[PDB]
Structure formats: C-alpha cells, structure tokens
Amino acid sequence: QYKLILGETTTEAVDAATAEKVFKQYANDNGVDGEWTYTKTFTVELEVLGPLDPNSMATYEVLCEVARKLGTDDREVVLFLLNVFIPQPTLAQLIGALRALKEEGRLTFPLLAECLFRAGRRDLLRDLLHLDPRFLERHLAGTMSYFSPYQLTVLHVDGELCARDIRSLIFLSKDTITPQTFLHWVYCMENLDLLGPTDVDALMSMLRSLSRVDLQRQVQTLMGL
Amino acid sequence: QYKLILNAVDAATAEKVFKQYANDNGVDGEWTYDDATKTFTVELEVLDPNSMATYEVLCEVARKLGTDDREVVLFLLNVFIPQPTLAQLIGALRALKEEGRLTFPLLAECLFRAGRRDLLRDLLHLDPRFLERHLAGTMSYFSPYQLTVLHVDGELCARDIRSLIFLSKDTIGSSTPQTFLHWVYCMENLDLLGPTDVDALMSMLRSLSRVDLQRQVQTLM
Amino acid sequence: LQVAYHXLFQXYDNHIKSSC
Amino acid sequence: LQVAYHXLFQXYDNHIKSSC
C-alpha cells in the first residue's frame, strides 16, 4: 500500500522505488508535473495538456451518469456506434472504454447525443443531456449523421429482430463458431471478414435463413446497387 | 511601485495589469498580495523551458546584428520597420516567435541571406559550407521577389542610394527613405512595387544608370 | 436559456461537421 | 555531435517544408 497526493490515488508495490515509478507515470498520464516529496506517502505544483482540472473531472460526470444508467443491450449499441465494441460488456468495461475514447478525443458531445439518440435513450437526452428529443430528431433531419449507413442499417435490423430469431441466429452461427446477441454475431462476422460496410451479403444470407425476407429487403433498400 | 513574484496609480489597477500579464505569458497560479510591502506573488501553466531558453539565442543574434542587417532580417521576416533600433528589433523578433511565425531553420536562412555566416558558425553552430549546400537542394523560405530586392540592395552602392532618395522625392512624403530597403517599403505601402509588379524597381534602376541591375531584376523575374 | 442551449448545441455540432 | 547537429537541423527544416 502506497499513497499519492495531487486526487488521493493508491497502489500496491513490492518496494518504495517501484511505487515512485508507478506514480511518476500516472503524473504524465494525467498531465500534471509538480515537485515530488516522499510515512508511506508521495506528494506532487505544475501542469500542461485548478479551474481547468475541476471542469475536466466534471465533464466525466456526464459520461459516468450516462454509462451507469445505460443498461445491458444499450451498452452494445453505444460501443458498436463508437467503433471499439466489446461483446456483452459490464459497467467497468463500458466506463473504461468511454473514458479511453474521451482521453483520445474520439468522443465529442454532439456525437454522444446522436449515439444516445440512435440507442433509443431519448429519456437520457431529456434528463441527463438536457436536449429536447423533439428538437434533436429535427436537428438530425437536416444534418449528416456521425454514423455510417451500414452502422445505422445493422442498428435498424437489431431493433426489428425478435428474441426467437436471435436464438435461431446463434444456432445458424455455429457453422462459423459463440455470440449471445445479433450485434455480437455482427462483431464475430466483422472479425472473420464475412460482413462489413462494403459487402453486407452475409447479413442478407442470415435474414433469408431466418425467414425475415422483409428485413433482407430492408438491408437491400438501405444499400442499393 | 508594485512588484510581481513569478512561480500604477492604485493597487486595484496594479492587480489588473499583473493578472493580464500572467494570461499574456500563459501562466495562471495562486494570487497573494501584501498591502505593506506592495508585492503580489503567483501554480499551473498552459501556453516554460525552451519557450523561454530559446529567446536567449534570438537576443544574442539581434544584439550582434547591426544597423543595415536589422533591415534585411525584418524585410525577410515580412514585418519590416525602417532604420530600427535594438529595442524595435528585439521586440519584433520576440513578437514573431510568440506568434509562431519565427522558426529555427527560417532564422538560419534569414541570417544566411543577411550575409552573417559568422553568426551561423558562432551563435547558431551551423557550418555555412553545409548550409549553402542545404539551401541548394531545398525550397527557400523567402519569395523570389524578397531575394531579388535583397540582391539589388547588395549591388547598389552608397552614391546610387543617395541619388535614389533624391529621385524618391517625387513620391515623398516627409518621412523620406534613408536606405534602398526603406525606399522599397515606402513603394510597397504606396502600392507601386510588389511581388506581382517590379516595374517600379526597374524604373529606378534605369534612372540610376544601373541597367545591369535592371536586366538582373528582369532575369530574376 | 433552453432555446440558447439548443442553439449552442447546433453551433458546436455544425462546427465539427464543417471540419473534415 | 556536429554532424548529428547538421543532421537534426535538416530533419527539422524538411519537417516544416513537408507541412506546406
């Protein structure tokens, strides 16, 4: 057990020198670079890329409160739409991935709004993001989407497919496997390179073999010639 | 008197001046002021070492530049002041560096074109024999017009530039030019000379009997 | 403030959309 | 160090020249 004062961060080290190395790395990781004083505690005076720090930490509240109130299947939608997708994630997996995107600048507020909109969480737009979904639906009408037509197609198919069809989908997927959801099946096929934004033939092959010809035709309408 | 430790009519104005001086420099720490000693002290920074230690090179370069080389450097670095002083040049160079316009490789070519190969070897630690070879197979930081005016400036003599001022009296304007680069600046402001039209430069060189220099401008552009 | 919040969101969204 | 200083200068010059 070793303590760090900036933000009371703690670690478990074999010796004091290792604890200093771990903490000195955490200093760069955050961006803070102050004078070090090492009892079993270490204190850090300067920063780069108080007020600013409070704002940065406060911004995370929006993402933390959003992720905690997201829920099982919405987690997949959000992670799928934000490229880096994890199959059947947990709070610790999602919170970590969303924070890894925010620190990489890949996540923005208007993107997060459309991300929560496509998820169907208009309740979270109203209550947490303070954005009226009646206005947001009008905003997206005359604005180019942050997500690919393929991304939006897979999301639409996911919504129309029922619990029985997705159970049958897993049974048919055993020929290329295992997935627990349709978005999990998509991820497996994307990794195996059978599905993708360019082809989408594999999605229609499954929908034809699930008797959802209406969904197969919907994918064809959403992709064209 | 009001002091500022880094880490006026009244105290309120003195605080406003220092608070703005911190943001201008980029610094933003905790403020502690004493009403008896008349001093204010300043944590964080977001704008430090070389962004401060680099200026030492620029200061030593500007102080050892000298009268006519000051004009060459300021002309080549766009913002030119006629017959500048150390306080004018040091201020203009530090303003360019803070604006991000001034770079080390630009400053090297700037000092090279000036003819200060001595300052490249001594202060910039760059061998001019290597720099002249580097500039052979590399696109210049300065315009062909910028380099032409600089070449003409070198070939024009003390008597020709005296006669140039006498001929410039038809477009002046008292203040009158004191050098050829000052005459160029006056014509650039009056919009008779420029990178697109160098007809005015050739008109002066024809009326100074330097037809060789007039032909050189024609050969250059 | 609400209409201004919706305005600000549109301004920020249009700004990232007017980049790439 | 001298040849390396001349090398580093060329690298930095080529970097700003490759931007625009």
# chains A, B, ... in the order shown; residues from 1 in each chain; ligands from 1
>>> interface_residues(of="chain B", to="chain A", cutoff="6 Å", atoms="only C-alpha atoms", output="list in words")
residues 43, 44, 45 and 46 of chain B
>>> write_last_selection(atoms="C-alpha atoms", output="CSV table (one decimal), in the first residue's frame")
chain,number,residue,atom,x,y,z
B,43,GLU,CA,1.0,27.2,-9.6
B,44,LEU,CA,-0.5,26.0,-13.0
B,45,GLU,CA,0.7,26.8,-16.6
B,46,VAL,CA,-0.9,26.0,-20.1
>>> closest_atom_pairs(of="chain A", to="chain C", cutoff="12 Å", atoms="only C-alpha atoms", output="JSON lines")
{"residue": "A:106", "atom": "CA", "partner": "C:16", "partner_atom": "CA", "distance": 11.8}
{"residue": "A:107", "atom": "CA", "partner": "C:16", "partner_atom": "CA", "distance": 11.6}
{"residue": "A:108", "atom": "CA", "partner": "C:16", "partner_atom": "CA", "distance": 9.1}
{"residue": "A:109", "atom": "CA", "partner": "C:13", "partner_atom": "CA", "distance": 8.3}
{"residue": "A:110", "atom": "CA", "partner": "C:13", "partner_atom": "CA", "distance": 5.5}
{"residue": "A:111", "atom": "CA", "partner": "C:13", "partner_atom": "CA", "distance": 8.1}
{"residue": "A:112", "atom": "CA", "partner": "C:13", "partner_atom": "CA", "distance": 10.9}
{"residue": "A:113", "atom": "CA", "partner": "C:9", "partner_atom": "CA", "distance": 9.7}
{"residue": "A:114", "atom": "CA", "partner": "C:13", "partner_atom": "CA", "distance": 10.3}
{"residue": "A:125", "atom": "CA", "partner": "C:6", "partner_atom": "CA", "distance": 11.9}
{"residue": "A:126", "atom": "CA", "partner": "C:2", "partner_atom": "CA", "distance": 11.6}
{"residue": "A:129", "atom": "CA", "partner": "C:5", "partner_atom": "CA", "distance": 10.4}
{"residue": "A:130", "atom": "CA", "partner": "C:5", "partner_atom": "CA", "distance": 8.4}
{"residue": "A:131", "atom": "CA", "partner": "C:6", "partner_atom": "CA", "distance": 6.8}
{"residue": "A:132", "atom": "CA", "partner": "C:6", "partner_atom": "CA", "distance": 8.0}
{"residue": "A:133", "atom": "CA", "partner": "C:6", "partner_atom": "CA", "distance": 10.5}
{"residue": "A:134", "atom": "CA", "partner": "C:6", "partner_atom": "CA", "distance": 11.1}
{"residue": "A:135", "atom": "CA", "partner": "C:6", "partner_atom": "CA", "distance": 7.8}
{"residue": "A:136", "atom": "CA", "partner": "C:6", "partner_atom": "CA", "distance": 8.6}
{"residue": "A:138", "atom": "CA", "partner": "C:10", "partner_atom": "CA", "distance": 11.1}
{"residue": "A:139", "atom": "CA", "partner": "C:10", "partner_atom": "CA", "distance": 7.6}
{"residue": "A:140", "atom": "CA", "partner": "C:10", "partner_atom": "CA", "distance": 10.1}
{"residue": "A:142", "atom": "CA", "partner": "C:14", "partner_atom": "CA", "distance": 10.8}
{"residue": "A:143", "atom": "CA", "partner": "C:14", "partner_atom": "CA", "distance": 8.2}
{"residue": "A:144", "atom": "CA", "partner": "C:17", "partner_atom": "CA", "distance": 7.8}
{"residue": "A:145", "atom": "CA", "partner": "C:17", "partner_atom": "CA", "distance": 9.3}
{"residue": "A:146", "atom": "CA", "partner": "C:17", "partner_atom": "CA", "distance": 8.7}
>>> atom_distance(atom1="CA of residue 61 (chain A)", atom2="CA of residue 27 (chain B)")
27.6 Å
>>> interface_residues(of="chain B", to="chain D", cutoff="12 Å", atoms="only C-alpha atoms", output="list in words")
residues 101, 102, 103, 104, 105, 106, 107, 108, 109, 120, 121, 124, 125, 126, 127, 128, 129, 130, 131, 133, 134, 135, 137, 138, 139, 140 and 141 of chain B
>>> write_last_selection(atoms="N, CA, C and O atoms", output="tab-separated table (two decimals), in the first residue's frame")
chain	number	residue	atom	x	y	z
B	101	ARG	N	5.33	32.35	-36.03
B	101	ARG	CA	5.85	32.62	-37.38
B	101	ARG	C	7.35	32.31	-37.50
B	101	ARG	O	7.77	31.70	-38.49
B	102	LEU	N	8.15	32.72	-36.50
B	102	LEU	CA	9.59	32.50	-36.47
B	102	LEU	C	9.93	31.07	-36.06
B	102	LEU	O	9.41	30.57	-35.06
B	103	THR	N	10.80	30.42	-36.85
B	103	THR	CA	11.29	29.05	-36.62
B	103	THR	C	12.83	29.08	-36.65
B	103	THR	O	13.39	30.06	-37.16
B	104	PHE	N	13.50	28.03	-36.14
B	104	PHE	CA	14.97	27.94	-36.17
B	104	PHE	C	15.49	27.81	-37.62
B	104	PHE	O	16.35	28.62	-37.98
B	105	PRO	N	14.99	26.87	-38.48
B	105	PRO	CA	15.50	26.80	-39.87
B	105	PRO	C	15.27	28.05	-40.70
B	105	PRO	O	16.09	28.35	-41.58
B	106	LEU	N	14.18	28.80	-40.41
B	106	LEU	CA	13.85	30.07	-41.06
B	106	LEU	C	14.89	31.11	-40.65
B	106	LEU	O	15.44	31.79	-41.51
B	107	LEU	N	15.17	31.21	-39.33
B	107	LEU	CA	16.15	32.12	-38.71
B	107	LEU	C	17.56	31.88	-39.26
B	107	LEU	O	18.31	32.84	-39.44
B	108	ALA	N	17.90	30.61	-39.56
B	108	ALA	CA	19.18	30.21	-40.13
B	108	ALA	C	19.33	30.76	-41.54
B	108	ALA	O	20.33	31.42	-41.82
B	109	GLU	N	18.32	30.55	-42.42
B	109	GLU	CA	18.32	31.07	-43.79
B	109	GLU	C	18.26	32.60	-43.76
B	109	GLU	O	18.92	33.24	-44.58
B	120	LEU	N	26.16	32.33	-38.00
B	120	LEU	CA	25.71	30.96	-38.21
B	120	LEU	C	26.72	30.00	-37.59
B	120	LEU	O	26.33	29.05	-36.91
B	121	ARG	N	28.02	30.26	-37.82
B	121	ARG	CA	29.12	29.45	-37.30
B	121	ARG	C	29.29	29.61	-35.78
B	121	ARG	O	29.41	28.61	-35.08
B	124	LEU	N	24.66	30.15	-34.06
B	124	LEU	CA	23.74	29.06	-34.42
B	124	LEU	C	24.40	27.68	-34.50
B	124	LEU	O	23.69	26.68	-34.60
B	125	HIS	N	25.76	27.64	-34.45
B	125	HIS	CA	26.60	26.43	-34.51
B	125	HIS	C	26.43	25.62	-35.81
B	125	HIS	O	26.77	24.44	-35.86
B	126	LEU	N	25.92	26.29	-36.87
B	126	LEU	CA	25.71	25.69	-38.19
B	126	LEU	C	26.82	26.11	-39.13
B	126	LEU	O	27.05	27.31	-39.33
B	127	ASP	N	27.52	25.12	-39.71
B	127	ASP	CA	28.61	25.33	-40.66
B	127	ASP	C	28.04	25.94	-41.96
B	127	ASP	O	27.17	25.32	-42.58
B	128	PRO	N	28.46	27.17	-42.34
B	128	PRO	CA	27.90	27.81	-43.55
B	128	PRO	C	28.21	27.08	-44.85
B	128	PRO	O	27.48	27.26	-45.83
B	129	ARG	N	29.27	26.25	-44.87
B	129	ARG	CA	29.67	25.43	-46.02
B	129	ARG	C	28.60	24.35	-46.24
B	129	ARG	O	28.29	24.02	-47.39
B	130	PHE	N	28.02	23.84	-45.14
B	130	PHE	CA	26.94	22.85	-45.13
B	130	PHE	C	25.60	23.52	-45.46
B	130	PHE	O	24.80	22.95	-46.21
B	131	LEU	N	25.34	24.71	-44.86
B	131	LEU	CA	24.11	25.48	-45.04
B	131	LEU	C	23.90	25.92	-46.49
B	131	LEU	O	22.78	25.84	-46.99
B	133	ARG	N	25.05	24.32	-49.06
B	133	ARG	CA	24.78	23.06	-49.76
B	133	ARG	C	23.34	22.62	-49.48
B	133	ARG	O	22.69	22.06	-50.36
B	134	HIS	N	22.86	22.87	-48.24
B	134	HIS	CA	21.50	22.55	-47.78
B	134	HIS	C	20.48	23.40	-48.56
B	134	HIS	O	19.45	22.88	-48.97
B	135	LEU	N	20.80	24.69	-48.78
B	135	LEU	CA	19.94	25.64	-49.50
B	135	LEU	C	19.93	25.44	-51.01
B	135	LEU	O	19.08	26.02	-51.69
B	137	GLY	N	19.58	22.31	-52.70
B	137	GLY	CA	18.51	21.36	-52.99
B	137	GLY	C	17.31	21.45	-52.07
B	137	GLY	O	16.71	20.41	-51.74
B	138	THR	N	16.94	22.67	-51.63
B	138	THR	CA	15.78	22.91	-50.75
B	138	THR	C	15.12	24.24	-51.10
B	138	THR	O	15.81	25.25	-51.27
B	139	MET	N	13.77	24.23	-51.19
B	139	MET	CA	12.94	25.40	-51.49
B	139	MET	C	13.13	26.47	-50.41
B	139	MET	O	12.99	26.17	-49.22
B	140	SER	N	13.50	27.68	-50.84
B	140	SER	CA	13.75	28.84	-49.97
B	140	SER	C	12.51	29.27	-49.19
B	140	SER	O	11.39	29.18	-49.70
B	141	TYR	N	12.72	29.75	-47.95
B	141	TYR	CA	11.67	30.26	-47.07
B	141	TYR	C	11.17	31.62	-47.57
B	141	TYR	O	10.07	32.04	-47.20
>>> closest_residue(among="A:117, A:60, A:80, A:23", to="residue 96 (chain A)", atoms="only C-alpha atoms")
A:60
>>> residues_around(residues="region 198-201 of chain B", least_positions_apart="2", cutoff="10 Å", atoms="only C-alpha atoms", output="tab-separated table (two decimals) with C-alpha atoms, in the first residue's frame")
chain	number	residue	atom	x	y	z
B	145	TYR	CA	10.91	38.96	-55.14
B	148	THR	CA	15.68	39.84	-55.73
B	149	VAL	CA	15.25	43.08	-53.66
B	152	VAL	CA	19.76	44.53	-55.75
B	183	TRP	CA	12.58	53.07	-50.44
B	184	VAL	CA	11.11	49.57	-51.22
B	187	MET	CA	6.78	51.98	-52.55
B	191	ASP	CA	1.42	50.15	-53.94
B	192	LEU	CA	3.84	50.90	-56.85
B	193	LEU	CA	6.22	48.00	-56.03
B	194	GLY	CA	5.23	44.42	-55.10
B	195	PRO	CA	5.92	40.72	-55.85
B	196	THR	CA	3.48	40.86	-58.84
B	203	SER	CA	12.26	52.28	-63.47
B	204	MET	CA	14.53	53.49	-60.60
B	205	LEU	CA	17.48	51.26	-61.75
B	206	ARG	CA	17.14	52.65	-65.33
B	213	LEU	CA	20.78	45.70	-62.15
B	214	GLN	CA	17.63	46.46	-64.24
B	217	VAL	CA	15.67	42.06	-61.99
B	218	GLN	CA	14.28	41.12	-65.47
B	221	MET	CA	11.60	37.69	-62.69
>>> residues_around(residues="residue 77 (chain A)", least_positions_apart="4", cutoff="8 Å", atoms="only C-alpha atoms", output="ChimeraX atom specification")
/A:73,81,119,155,183
>>> write_last_selection(atoms="N, CA and C atoms", output="PDB file, in the first residue's frame")
ATOM      1  N   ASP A  73     -28.156  -4.165 -23.072  1.00  0.00           N
ATOM      2  CA  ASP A  73     -28.240  -4.140 -24.537  1.00  0.00           C
ATOM      3  C   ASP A  73     -27.917  -2.783 -25.172  1.00  0.00           C
ATOM      4  N   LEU A  81     -21.595   1.716 -32.216  1.00  0.00           N
ATOM      5  CA  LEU A  81     -21.629   3.023 -32.872  1.00  0.00           C
ATOM      6  C   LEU A  81     -20.340   3.818 -32.660  1.00  0.00           C
ATOM      7  N   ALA A 119     -29.546   4.876 -29.926  1.00  0.00           N
ATOM      8  CA  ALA A 119     -29.728   3.841 -28.907  1.00  0.00           C
ATOM      9  C   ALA A 119     -31.202   3.721 -28.506  1.00  0.00           C
ATOM     10  N   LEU A 155     -28.012  -1.474 -36.847  1.00  0.00           N
ATOM     11  CA  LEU A 155     -28.774  -0.975 -35.700  1.00  0.00           C
ATOM     12  C   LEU A 155     -30.287  -1.113 -35.930  1.00  0.00           C
ATOM     13  N   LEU A 183     -25.770  -8.133 -32.444  1.00  0.00           N
ATOM     14  CA  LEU A 183     -24.610  -7.240 -32.513  1.00  0.00           C
ATOM     15  C   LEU A 183     -23.316  -7.995 -32.189  1.00  0.00           C
TER      16      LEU A 183
END
>>> atom_distance(atom1="CA of residue 41 (chain B)", atom2="CA of residue 6 (chain B)")
6.2 Å
